[PDB]
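What follows is the residue order along each chain.
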Amino acid sequence: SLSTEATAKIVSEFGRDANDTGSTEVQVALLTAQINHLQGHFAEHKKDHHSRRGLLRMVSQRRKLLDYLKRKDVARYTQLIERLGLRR
Amino acid sequence: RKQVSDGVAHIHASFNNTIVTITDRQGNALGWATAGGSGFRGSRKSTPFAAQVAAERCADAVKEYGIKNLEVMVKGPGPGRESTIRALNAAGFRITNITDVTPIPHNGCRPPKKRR
Amino acid sequence: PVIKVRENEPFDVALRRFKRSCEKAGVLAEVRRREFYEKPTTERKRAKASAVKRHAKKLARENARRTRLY
Amino acid sequence: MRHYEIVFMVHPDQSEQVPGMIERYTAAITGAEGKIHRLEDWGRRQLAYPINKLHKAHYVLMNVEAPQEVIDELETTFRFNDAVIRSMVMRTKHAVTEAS
Amino acid sequence: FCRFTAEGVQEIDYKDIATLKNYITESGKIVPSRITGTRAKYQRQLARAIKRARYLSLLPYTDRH
Amino acid sequence: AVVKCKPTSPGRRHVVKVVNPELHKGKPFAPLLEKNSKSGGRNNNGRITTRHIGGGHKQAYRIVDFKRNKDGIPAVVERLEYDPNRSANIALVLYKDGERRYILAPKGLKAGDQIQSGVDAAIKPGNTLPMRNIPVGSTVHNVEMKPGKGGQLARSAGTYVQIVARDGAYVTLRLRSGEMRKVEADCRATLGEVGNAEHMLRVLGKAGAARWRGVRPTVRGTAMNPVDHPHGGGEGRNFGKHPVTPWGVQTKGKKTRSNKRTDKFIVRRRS
RNA sequence: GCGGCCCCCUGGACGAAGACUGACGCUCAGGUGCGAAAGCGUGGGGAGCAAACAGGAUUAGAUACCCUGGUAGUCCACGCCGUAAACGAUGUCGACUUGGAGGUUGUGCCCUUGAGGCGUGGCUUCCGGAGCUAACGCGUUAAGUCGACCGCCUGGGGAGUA
Ligand SMILES: [Mg+2]
Ligand SMILES: [Mg+2]
Ligand SMILES: [Mg+2]
Ligand SMILES: [Mg+2]
Ligand SMILES: [Mg+2]
Ligand SMILES: [Mg+2]
Ligand SMILES: [Mg+2]
Ligand SMILES: [Mg+2]
Ligand SMILES: [Mg+2]
Ligand SMILES: [Mg+2]
Ligand SMILES: [Mg+2]
Ligand SMILES: [Mg+2]
Ligand SMILES: [Mg+2]
Ligand SMILES: [Mg+2]
Ligand SMILES: [Mg+2]
Ligand SMILES: [Mg+2]
Ligand SMILES: [Mg+2]
Ligand SMILES: [Mg+2]
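- Structure determination for this entry is recorded as cryo-EM, at 3.3 Å resolution.

In C-alpha cells, the structure reads:
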C-alpha cells in the first residue's frame, strides 16, 4: 500500500518542492499509483467486495480532484493527464 | 477366573438409565448390570436409587474374578452419577481414583432441534 | 475433572472433593446446554435479557437502599 | 526483509539429526542475505499430549530474518521432511534471548 | 489481582509457560478475566498466547488426552 | 473454456465447445507417429464382437511414453498437443540429452515447465517417482499395477488416485471408481492430476457429432423382433420381461465380476 | 455480516506533533454496485441436523405438537435470484443547548516516588434536566433549537391484487 520509499518518491517528482505533499498533482499522482497497483490484486481475488469499496473510493476521490484542477488550471490539467496516462 | 487384581469401573449415567460395566485395566469387560434390567422398568430407572441397585449387582459377577481395587470413571449426566459410586465402596472395593470422562465437543457436531 | 484419592482419607471427603471439581468445571451445566440446538437469534436475546436484569436489579437494590420501609 | 520466529519439533529418535539440519536451514537462510538472531536449542521435552504417539520431541528455535520468498521454500522442507512434526512460523519483529 | 500483565508492561508471548499456567484451571480452560482481573487489552494477548502454545503441545487442550 | 454456440441452426442450438488456446496449432511430431487402422469391431473371424463401432475420422497413433523410465535427465515441456486417441491433451517433452518424447499432461503443466523422473526426483506436479517415496495422502495419476508394466490407473482426463495408506510392501490406493486396492509399493506413479478436466462439460448437439467419432446408431431391444432380441415382439410397445442383454444374461443389477485370483488386492468393493 | 491457530494479498478508523493543497464541499431523481436465509443451474462432497415421506403414540379426528428413521437442503466452485419484523419500525451532512455512573481504544503533565492524581480525543451501554410529544417516551449518539438536499404518506377493505 505505497510503502514510504515508493510514496516519498512520487511526491518528489510531482511536487513543486521536495516537501510539498497535498498539491493536486501530487495527490492524483499518488492515488494513481494505488489504483494501478490493485489491478493485479483484484484480477485474482475477484470476490473481495469489501476491499473494492476502498478502490471505488480512491477512483472517485481522484476524479473529484481532476475536475477541480481542470477548472482551476486547464494548462496544468492537460499536462498531468498525459504525463500519467488517463481520461479514457 | 484369571483372578484379576486392579479393575476399572465404567459408569454410563444418562437421563433415562444407568449402565455399569467393570473392566480390567486393559479395557476388556468382565461384567455389567443396568438399571432397567434390574426390575426398574419405567419412570423408576431414572431415579438415583436404581443406579445404586445395579452398582451392587455389577459389583457382583466379578466375585469369581477377585477384584479388590477399582477406578471409577463417571460418564454422562443423570441421577445415577454419585449414588452409584458409593455403592462400590459398600461392596468393599478400594477406589483408586475418580476420573470424570464426558464427551464435550468444542463446538463440533450440531445437536438436535428443541422440543416443544 | 481428574482427582486422585490421596493417602488415608474417609471416602465421603474424597467423593465430596470430586463433586466440587465437577461443579467448578461446569461439566453438568455444559451438557444441559448442548442437548438441544438454540437458534443464533434466540441466544442473543437470551444474553441481552441476562445482562439487563443483572443491571436492573443492581440499580434496584441501590435505588431501594436509600429508603426506610417503616 | 521480514522477521520470523520459526519453531519446529523433530522426531525424538532423530536428536542426532538436528545438528545437521539446523545448520543447513541457517545456511539457506543466510544464503539469501538473511540474518539470524536467536538459535536456541530447547533440547528434548515431554509433550503435553501425545501426537502420533511420540510422548517426547526435540524443539528448535530459529528467530530468522529472511525475505518472504525464502521462507516459503523453507516450510516446504519442513513438510516433506518426515522427521519434522509441528513446524510453526510466526511473524514478529525485534528481540532475542528469551525462555532459557 | 489486576496488577499482573499491567505492572511491568510487556507484550505476552507463548514461551513462558510458567506464567501462563497461572491463568488456566486444572482442566486447561482459560480462566475468565472477571475471576483474575487482567485488563481486556491483555486478556486478548493472553487468550491468543494460550491458544498458540496449545498447538505446540506445550500446554494440554484438556485434562484427559 | 466451455462456450455455448449460438443457435443459428437447429443442431447448433445445443452445442457446447471446450476450446483450449494453449494447444499447439500446427502439425504433430513426425518421428513419434504411427499408423492406426480402424476395425469396426471385427476380430480374426471378421464377425462384429462389439456393436456400435464404425466409421469416424481417420486418426494416427501418437506414441505416448507411459513407463517414464528415464531417470534423472531433466526435461522441459515444449508444447501441448491435441491427441485424438486419448481424452487428455499430451505434452511434447525434450530431455537434456536431446531426446523428445510424449507424456500425459497434468493439470498444472504449461510450456517451459520442468519435469524429471527417478527415485531422486522432487515432489512436484508432473514428476514421477516410485510410490514407496510419495508421501501418504497425496494425489497421483498414471499409476502402475506391476513394477515396470507401464501405467494403467487414472489415465483419463481430470482423473486421479489417492494414496490412502502405506502398509509394508503394499500401498492402498483409493481409485477413481471408489475402490480401495493394494498395489506393490515399487510401482511408479506420476505425481499430480491429469488435465483437460472440462472434458465432461462438452455436449455434441447433433447426431453427426457422435457419428464422426466412430459411434454407430444403437437400436433398442423393444424395437427388435422376438428372434433378434430377448425383449422383442409385442403389438404396441409391450415389455413384460426382466431386462437382459441380447444374449440372455440379465442386466440392470446382476454382478458379473469373477476372477478369484486378484480378489486378494481388492480391499473394498466399489461403492 | 464477521469468533480455533499460522502465513500471503488488501480496505477502513483513530491518536500526538508538524509540513502541504487552498472551498477542491453537502445532498442526489435516473444509473450503477453490495445485499441474511430459503430458492434455482452445472460439477463435486455428505459426518451431524433435517422440509417432504414412512411407521409408532396422543386425540372424538391429529394428514400437527411427542418418539423411532429419513430425502432435498444445509458444505465447496462458478453463475442466477434481489426479497426479511433487511429494526434503534427513527435518511445523509453541519451548528448550538444543564448533569451522573460505566465499558473500550489512544495521548499529555506531575510525588509511577507503591494497585497514583489531574487533563484531552474516537467509538459505545444505562439513568435523568430544560425542551418536545396524543401519551408511552426521546433527552449532546434528541424524537430539543435551526440550515441544505432527497425519499414517502393523504380513511378501512378490495390490494401491494388485476
Ligand atoms: Mg431426543
Ligand atoms: Mg443412447
Ligand atoms: Mg418391429
Ligand atoms: Mg427368444
Ligand atoms: Mg397396448
Ligand atoms: Mg401389462
Ligand atoms: Mg435510485
Ligand atoms: Mg442459500
Ligand atoms: Mg445447489
Ligand atoms: Mg448437487
Ligand atoms: Mg424428527
Ligand atoms: Mg420491502
Ligand atoms: Mg438484522
Ligand atoms: Mg422500514
Ligand atoms: Mg452519498
Ligand atoms: Mg433517558
Ligand atoms: Mg404483484
Ligand atoms: Mg410479498
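### Some words on the overall build of chain D
Here is step 1: When helices and strands are counted, chain D shows two helices and seven strands.
Here is step 2: Mapped from its N terminus to its C terminus, chain D presents α and β elements in the order β-β-α-β-β-β-β-α-β.
Here is step 3: A globule of 100 residues ought to have a C-alpha radius of gyration of about 13 Å, and chain D, at 13 Å, matches this closely.
Here is step 4: If one aligns the C-alpha atoms of chain D with their principal axes, the spans along those axes are about 40 × 30 × 20 Å.

### Observations concerning the environment of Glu11(E)
Here is step 1: Inspection of the secondary structure puts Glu11(E) in the segment before α1 (17-20).
Here is step 2: When the C-alpha atoms of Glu11(E) and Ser27(E) are compared, they prove to be 25 Å apart, with 16 residues separating the residues in sequence.

### Quick notes on the interface of chain C and chain E
Here is step 1: Opposite the four residues of chain C that make contact, chain E presents four residues.
Here is step 2: Both faces combined, the contact of chain C with chain E buries some 320 Å², and carbon together with sulfur accounts for 35% of it.
Here is step 3: For chain C, the biggest contributors to the area lost against chain E are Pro1(C), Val2(C) and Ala25(C); these three give 71% of the whole.
Here is step 4: Taken together, the connections running from chain C to chain E amount to zero salt bridges.
Here is step 5: In this structure, the connection of chain C to chain E is made through one residue pair in polar contact.

### Some details on the layout of surface pockets
Here is step 1: Looking at the largest pocket, its volume works out to about 1400 Å³.
Here is step 2: In this structure, the largest pocket is lined by 48 residues; those nearest its centre are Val18(F), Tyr82(F), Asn89(F), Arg202(F) and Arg213(F).
Here is step 3: Of all the elements in the fold, those that place two or more residues in the lining of the largest pocket are β2 (16-18) and β3 (72-81) of chain F.
Here is step 4: Here the lining of the largest pocket gets three residues from one element, more than from any other, and that element is β2(F).
Here is step 5: Of the residues that constitute the lining of the largest pocket, the class distribution is 20 nonpolar, twelve polar and 16 charged.
Here is step 6: Three or more residues apiece are contributed to the lining of the largest pocket by two domains, here domain 1 (1-113) and domain 3 (195-271) of chain F.
Here is step 7: Counted as a void, the second largest pocket has a volume near 740 Å³.
Here is step 8: In terms of lining residues, the second largest pocket is bounded by 26 residues, among which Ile104(B), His106(B), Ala25(C), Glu30(C) and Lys29(E) are the most central.
Here is step 9: When contributions to the lining of the second largest pocket are tallied by element, the ones reaching two or more residues are α1 (11-25) and α2 (27-34) of chain C.

### Observations concerning unusual backbone geometry
Here is step 1: If you check the backbone angles, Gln3(B) has positive phi at about 40° while not being a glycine.
Here is step 2: With respect to the element layout, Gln3(B) can be found in the segment before β1 (6-13).
Here is step 3: The phi angle at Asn142(F) is positive, at roughly 60°, despite the residue not being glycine.
Here is step 4: With respect to the element layout, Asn142(F) can be found in the loop between β8 (139-141) and β9 (161-167).

### A short note on the packing of helix α2 (residues 24-35) of chain A against helix α4 (residues 49-72) of chain A
Residues and elements named next belong to chain A.
Here is step 1: It is the contact of α2 with α4, at a shortest axis distance of 10 Å, that shows an interaxial angle of 150°. Regarding the angle of α2 to α4, the classification is roughly antiparallel. Two packed elements cross with a definite hand, and for α2 against α4 that hand is left-handed. Touching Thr24, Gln27, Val28, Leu31, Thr32, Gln34 and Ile35 of α2 are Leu55, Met58, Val59, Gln61, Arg62, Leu65, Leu66, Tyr68 and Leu69, all from α4.
Here is step 2: Across the contact of α2 with α4, the residue classes break down as ten nonpolar, five polar and one charged.

### Quick word on the domain arrangement of chain F
All names here are of chain F.
Here is step 1: Examined at the domain level, chain F breaks down into domain 1 (1-113), domain 2 (117-194) and domain 3 (195-271).
Here is step 2: The distance between the C-alpha centroids of domain 2 and domain 3 comes to 31 Å.
Here is step 3: Counting residues at the interface gives eleven residues for domain 2, matched by twelve residues for domain 3.
Here is step 4: Together, the buried faces of domain 2 and domain 3 total about 990 Å²; carbon and sulfur atoms form 52% of this surface.
Here is step 5: A per-residue breakdown of the area domain 2 buries against domain 3 is headed by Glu179, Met180 and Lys182, which together make up 47% of the total.
Here is step 6: The interface formed by domain 2 and domain 3 holds one salt bridge in total.

Cut-offs and rules
Residues numbered from 1 in each chain as written, not as in the entry; some residues may be left out. Chains lettered and ligands numbered in written order. Part of a larger assembly, values for the part shown. Heavy atoms only, no water. Helix = DSSP H or I, 4+ residues; strand = E, 2+ residues; numbered from the N terminus. Rg over C-alpha atoms; globule rule 2.2 N^0.38 Å. Contact = heavy atoms within 4.5 Å. Buried area = accessible area lost by both parts, 1.4 Å probe. Salt bridge = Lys/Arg side-chain N within 4 Å of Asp/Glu carboxyl O. Polar contact = N/O pair within 3.5 Å; in protein donor to acceptor, adjacent residues only side chain to side chain. 1 Å grid on protein atoms, 1.4 Å probe; cavity = no way out; pocket = protein on both sides within 12 Å on 5 of 7 lines; lining within 4 Å. Points joined across faces, edges and corners; volume = space filled by probe spheres on them. Nonpolar A, V, L, I, M, F, W, Y, C, P; charged D, E, K, R; others polar. Domains from an automatic or database assignment. Axes fitted to C-alpha atoms, helices over the stretch in contact; angles between N-to-C directions. Parallel < 35°, antiparallel > 145°, perpendicular 65-115°, else oblique. Left-handed = near helix turned anticlockwise from the far one by under 90°.

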